[PDB]
Number of protein chains: 2
Amino acid sequence: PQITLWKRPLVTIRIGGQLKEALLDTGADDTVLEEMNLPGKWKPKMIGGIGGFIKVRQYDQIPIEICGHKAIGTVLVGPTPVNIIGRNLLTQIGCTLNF
Amino acid sequence: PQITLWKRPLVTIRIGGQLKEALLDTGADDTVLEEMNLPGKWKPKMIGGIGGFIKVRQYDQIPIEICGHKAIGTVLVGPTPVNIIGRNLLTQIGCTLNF
Ligand SMILES: CC[C@H](C)CN(C[C@@H](O)[C@H](Cc1ccccc1)NC(=O)O[C@H]1CO[C@H]2OCC[C@H]21)S(=O)(=O)c1ccc(OC)cc1
């Protein structure tokens, strides 16, 4: 599909039983999800944006479905105000910027 | 152009006759540039990102040429970690997400 940017590019994602709305975000290197209790091993990390840094949990090889497209990779979980689909998964579902 | 996302979508912009590198950032509502001088009136504003809130200077109706495409709109200047082109200007240059 083609998504215009008049509004926030929010789409439905699925990670486990949870359907969530997430931002398709070309400005995010990594995928950052709102706090959720995922199973598995993880590593601590700090990621920075406007306002400063937040502490997140890095989970690897987590399957996620983004608008019916399958992806699998690293997901960062922490106190973000919005679910963010970053470039690590955007490439997997074939997402490009066009103008 | 079509821009893939295995690398950060960095482009050269021209603003006030200066060339800068900026990130095409679909997860940003607003365009936020690092500390710089711009002419004309500005208004103090606050914006929130992943790490909390910052103070910015809001300049309205500023021309920026983004990868050869002309925009004229709001530019916020403040302590962003990197120059970001947000949806307010991405829409002006006809940028969409496609997958
Ligand atoms: C260093 C570049 C950029 C600022 C990074 N951000 C991605 C943004 O797309 C972020 C994504 C974002 C969106 C909403 C809330 C928090 C973050 N947007 C953002 O801060 O936009 C601000 C400017 O316009 C306004 O509209 C939205 C907030 C304001 S981020 O969320 O902080 C971020 C995401 C993933 C990362 O992985 C390493 C690292 C940082």
# chains A, B, ... in the order shown; residues from 1 in each chain; ligands from 1

$ select_by_dssp --residues "chain A" --states "strand (DSSP E or B)" --output "VMD selection string"
chain A and resid 2 to 3 10 to 15 18 to 24 31 to 33 43 to 49 52 to 66 69 to 77 83 to 85 96 to 98

$ residues_around --residues "residue 33 in chain A" --least-positions-apart "6" --cutoff "9 Å" --atoms "only C-alpha atoms" --output "number ranges by chain"
A: 22, 75-85

$ closest_residue --among "A:23, A:95, A:90, A:66" --to "ligand 1" --atoms "only C-alpha atoms and all ligand atoms"
A:23

$ residues_around --residues "residue 30 in chain A" --least-positions-apart "2" --cutoff "7 Å" --atoms "only C-alpha atoms" --output "MDAnalysis selection string"
chainID A and resid 28 32 86:88

$ write_last_selection --atoms "N, CA and C atoms" --output "PDB file, in the first residue's frame"
ATOM      1  N   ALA A  28      13.630   6.096  13.065  1.00  0.00           N
ATOM      2  CA  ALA A  28      13.995   5.177  14.143  1.00  0.00           C
ATOM      3  C   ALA A  28      14.882   4.053  13.608  1.00  0.00           C
ATOM      4  N   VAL A  32      10.826   0.158  18.862  1.00  0.00           N
ATOM      5  CA  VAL A  32      10.621   0.427  20.288  1.00  0.00           C
ATOM      6  C   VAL A  32       9.138   0.284  20.618  1.00  0.00           C
ATOM      7  N   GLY A  86      10.755   0.610  13.566  1.00  0.00           N
ATOM      8  CA  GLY A  86      11.980   1.213  13.065  1.00  0.00           C
ATOM      9  C   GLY A  86      12.495   0.543  11.815  1.00  0.00           C
ATOM     10  N   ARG A  87      13.608   1.065  11.291  1.00  0.00           N
ATOM     11  CA  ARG A  87      14.149   0.602  10.007  1.00  0.00           C
ATOM     12  C   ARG A  87      14.512  -0.871   9.982  1.00  0.00           C
ATOM     13  N   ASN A  88      14.918  -1.421  11.123  1.00  0.00           N
ATOM     14  CA  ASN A  88      15.260  -2.848  11.199  1.00  0.00           C
ATOM     15  C   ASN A  88      14.141  -3.777  10.701  1.00  0.00           C
TER      16      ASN A  88
END

$ closest_atom_pairs --of "chain A" --to "chain B" --cutoff "9 Å" --atoms "only C-alpha atoms" --output "tab-separated table"
residue	atom	partner	partner_atom	distance
A:1	CA	B:99	CA	5.6
A:2	CA	B:98	CA	4.6
A:3	CA	B:97	CA	4.9
A:4	CA	B:96	CA	4.8
A:5	CA	B:91	CA	5.8
A:6	CA	B:91	CA	6.4
A:7	CA	B:87	CA	7.9
A:8	CA	B:27	CA	7.1
A:9	CA	B:26	CA	7.4
A:23	CA	B:27	CA	6.3
A:24	CA	B:27	CA	6.8
A:25	CA	B:27	CA	4.6
A:26	CA	B:25	CA	5.2
A:27	CA	B:25	CA	4.2
A:28	CA	B:27	CA	7.7
A:29	CA	B:8	CA	7.3
A:47	CA	B:51	CA	8.7
A:48	CA	B:51	CA	6.7
A:49	CA	B:50	CA	5.6
A:50	CA	B:49	CA	4.5
A:51	CA	B:52	CA	4.1
A:52	CA	B:51	CA	4.2
A:53	CA	B:51	CA	5.0
A:54	CA	B:51	CA	5.8
A:79	CA	B:50	CA	8.5
A:80	CA	B:50	CA	5.8
A:81	CA	B:50	CA	6.8
A:82	CA	B:50	CA	8.3
A:84	CA	B:27	CA	7.9
A:87	CA	B:5	CA	5.8
A:88	CA	B:6	CA	7.5
A:90	CA	B:5	CA	7.1
A:91	CA	B:5	CA	5.8
A:93	CA	B:99	CA	6.7
A:94	CA	B:99	CA	5.1
A:95	CA	B:99	CA	4.4
A:96	CA	B:4	CA	4.8
A:97	CA	B:97	CA	4.9
A:98	CA	B:2	CA	4.6
A:99	CA	B:95	CA	4.5

$ write_last_selection --atoms "C-alpha atoms" --output "mmCIF file, in the first residue's frame"
data_model
loop_
_atom_site.group_PDB
_atom_site.id
_atom_site.type_symbol
_atom_site.label_atom_id
_atom_site.label_comp_id
_atom_site.auth_asym_id
_atom_site.auth_seq_id
_atom_site.Cartn_x
_atom_site.Cartn_y
_atom_site.Cartn_z
ATOM 1 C CA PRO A 1 0.000 0.000 0.000
ATOM 2 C CA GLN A 2 0.859 3.709 -0.108
ATOM 3 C CA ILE A 3 0.661 5.737 3.115
ATOM 4 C CA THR A 4 0.473 9.546 2.956
ATOM 5 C CA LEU A 5 1.858 11.654 5.771
ATOM 6 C CA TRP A 6 -1.046 14.061 6.334
ATOM 7 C CA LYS A 7 -1.565 12.108 9.540
ATOM 8 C CA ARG A 8 0.696 9.939 11.674
ATOM 9 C CA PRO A 9 1.469 6.714 9.746
ATOM 10 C CA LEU A 23 4.184 4.275 13.867
ATOM 11 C CA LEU A 24 6.019 3.392 10.641
ATOM 12 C CA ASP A 25 9.102 5.423 11.507
ATOM 13 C CA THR A 26 11.935 6.075 9.055
ATOM 14 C CA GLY A 27 13.668 8.150 11.746
ATOM 15 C CA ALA A 28 13.995 5.177 14.143
ATOM 16 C CA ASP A 29 17.000 2.855 13.672
ATOM 17 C CA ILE A 47 18.266 4.906 23.421
ATOM 18 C CA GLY A 48 18.181 8.643 22.866
ATOM 19 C CA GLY A 49 15.825 11.062 21.196
ATOM 20 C CA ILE A 50 14.266 14.461 21.752
ATOM 21 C CA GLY A 51 14.218 15.083 25.516
ATOM 22 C CA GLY A 52 16.987 12.598 26.329
ATOM 23 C CA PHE A 53 17.392 8.876 26.851
ATOM 24 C CA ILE A 54 15.112 6.109 28.055
ATOM 25 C CA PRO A 79 8.521 3.521 28.564
ATOM 26 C CA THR A 80 8.033 5.013 25.103
ATOM 27 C CA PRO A 81 4.835 7.080 24.646
ATOM 28 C CA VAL A 82 4.201 5.439 21.254
ATOM 29 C CA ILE A 84 7.606 2.674 16.936
ATOM 30 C CA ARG A 87 14.149 0.602 10.007
ATOM 31 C CA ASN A 88 15.260 -2.848 11.199
ATOM 32 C CA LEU A 90 10.621 -1.583 7.840
ATOM 33 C CA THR A 91 13.144 -3.074 5.396
ATOM 34 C CA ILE A 93 8.241 -5.640 4.971
ATOM 35 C CA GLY A 94 9.643 -3.843 1.897
ATOM 36 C CA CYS A 95 8.995 -0.263 3.000
ATOM 37 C CA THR A 96 10.428 2.689 1.060
ATOM 38 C CA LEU A 97 10.126 6.487 1.081
ATOM 39 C CA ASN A 98 9.052 7.961 -2.252
ATOM 40 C CA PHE A 99 8.778 11.488 -3.647
#

$ residues_around --residues "residue 72 in chain A" --least-positions-apart "5" --cutoff "9 Å" --atoms "only C-alpha atoms" --output "ChimeraX atom specification"
/A:60-65,89,92

$ write_last_selection --atoms "N, CA and C atoms" --output "mmCIF file, in the first residue's frame"
data_model
loop_
_atom_site.group_PDB
_atom_site.id
_atom_site.type_symbol
_atom_site.label_atom_id
_atom_site.label_comp_id
_atom_site.auth_asym_id
_atom_site.auth_seq_id
_atom_site.Cartn_x
_atom_site.Cartn_y
_atom_site.Cartn_z
ATOM 1 N N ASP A 60 15.665 -10.196 21.145
ATOM 2 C CA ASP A 60 16.080 -10.523 19.781
ATOM 3 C C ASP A 60 15.173 -11.584 19.155
ATOM 4 N N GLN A 61 15.095 -11.557 17.829
ATOM 5 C CA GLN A 61 14.355 -12.551 17.043
ATOM 6 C C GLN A 61 12.907 -12.745 17.513
ATOM 7 N N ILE A 62 12.219 -11.623 17.696
ATOM 8 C CA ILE A 62 10.814 -11.626 18.055
ATOM 9 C C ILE A 62 10.016 -11.492 16.773
ATOM 10 N N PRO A 63 9.120 -12.458 16.501
ATOM 11 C CA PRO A 63 8.237 -12.339 15.341
ATOM 12 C C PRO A 63 7.168 -11.274 15.553
ATOM 13 N N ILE A 64 6.943 -10.472 14.523
ATOM 14 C CA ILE A 64 5.970 -9.393 14.554
ATOM 15 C C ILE A 64 5.306 -9.310 13.166
ATOM 16 N N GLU A 65 3.990 -9.124 13.131
ATOM 17 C CA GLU A 65 3.271 -8.976 11.869
ATOM 18 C C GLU A 65 2.857 -7.513 11.746
ATOM 19 N N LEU A 89 12.883 -3.390 10.913
ATOM 20 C CA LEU A 89 11.732 -4.159 10.449
ATOM 21 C C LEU A 89 11.092 -3.548 9.204
ATOM 22 N N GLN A 92 12.261 -5.205 6.209
ATOM 23 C CA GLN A 92 11.774 -6.570 6.087
ATOM 24 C C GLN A 92 10.406 -6.658 5.415
#

$ closest_residue --among "A:58, A:17, A:36, A:11" --to "ligand 1" --atoms "only C-alpha atoms and all ligand atoms"
A:58
